[PDB]
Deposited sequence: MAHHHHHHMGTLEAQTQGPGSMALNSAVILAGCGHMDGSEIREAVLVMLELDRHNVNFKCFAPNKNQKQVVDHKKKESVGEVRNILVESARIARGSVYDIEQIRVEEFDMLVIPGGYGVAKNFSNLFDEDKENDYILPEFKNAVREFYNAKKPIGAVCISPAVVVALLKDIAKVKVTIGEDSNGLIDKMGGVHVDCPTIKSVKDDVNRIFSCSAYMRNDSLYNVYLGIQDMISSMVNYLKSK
């Protein structure tokens, strides 16, 4: 009987969660008969972005209200998460994850998020992270672990600087840190096709599920 938490940061790749990554994470959890629950913090987004003009705008949106779009309404305040009810955690990417849960691209990490991910980590429960999310996971774990992830290619040495180890990985595959139970894939870190992005997410969720079995 398998359950996964999914943490969302809004609804959109420029100010929230990457919508395709979130949908594909939920599709593959469901393909594996893993039930899930979505969580988000009840806070304003750092920015709202017009995704057609690709410009920030003077309008305000709540991360949890917007995440309810992706969740079709079934999204819960992250302060309400009971980690014992889940076997694993998946964090889709999107610029909002980095912008809304950290200052690491503006070291601070939104406490309710750090605490949630640390609770999964300290309970030895697999954590999956897509796109930029692996960088945020590395950073929030860096004082207690040096974890291994991919963000695709890291010519700038971001993961090393954040206190982890980077593994180069194609869009269609994923990376497993089998000591720290951290799983990752690169997805829209590259300007690749949706089908290839999906192949990588499919491998990540598979690997997490096989780990629990």
Missing residue ranges, deposited sequence indexing starting at 1: 1 to 22, 129 to 133, 241 to 242
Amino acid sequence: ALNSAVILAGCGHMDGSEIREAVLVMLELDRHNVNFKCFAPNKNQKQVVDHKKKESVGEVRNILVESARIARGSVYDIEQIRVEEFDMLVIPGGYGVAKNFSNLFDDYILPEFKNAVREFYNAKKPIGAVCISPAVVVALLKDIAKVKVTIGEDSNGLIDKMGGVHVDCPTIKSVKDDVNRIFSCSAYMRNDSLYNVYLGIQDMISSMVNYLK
From here on, numbers count along this sequence of modelled residues.
Between the two ranges 91 to 99 and 133 to 141, the one averaging a larger CA B factor in the entry: 91 to 99
Average Cα temperature factor in the PDB entry - higher stretch of 14 to 22, 201 to 209: 201 to 209
Most elevated Cα B-factor in the entry, residues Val179, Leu27, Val175, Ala187: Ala187
Deposited CA B-factor, highest of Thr150, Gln47, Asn156, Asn62: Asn156
Modelled-residue ranking by C-alpha temperature factor, third containing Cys38: middle
Assigned third (lowest, middle, highest) for the C-alpha B factor of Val75: middle
Where the record places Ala1 (Cα B-factor, split into thirds across the chain): highest
Position of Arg31 among the chain's modelled residues by C-alpha B-factor, lowest, middle or highest third: middle
Position of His51 among the chain's modelled residues by C-alpha B-factor, lowest, middle or highest third: lowest
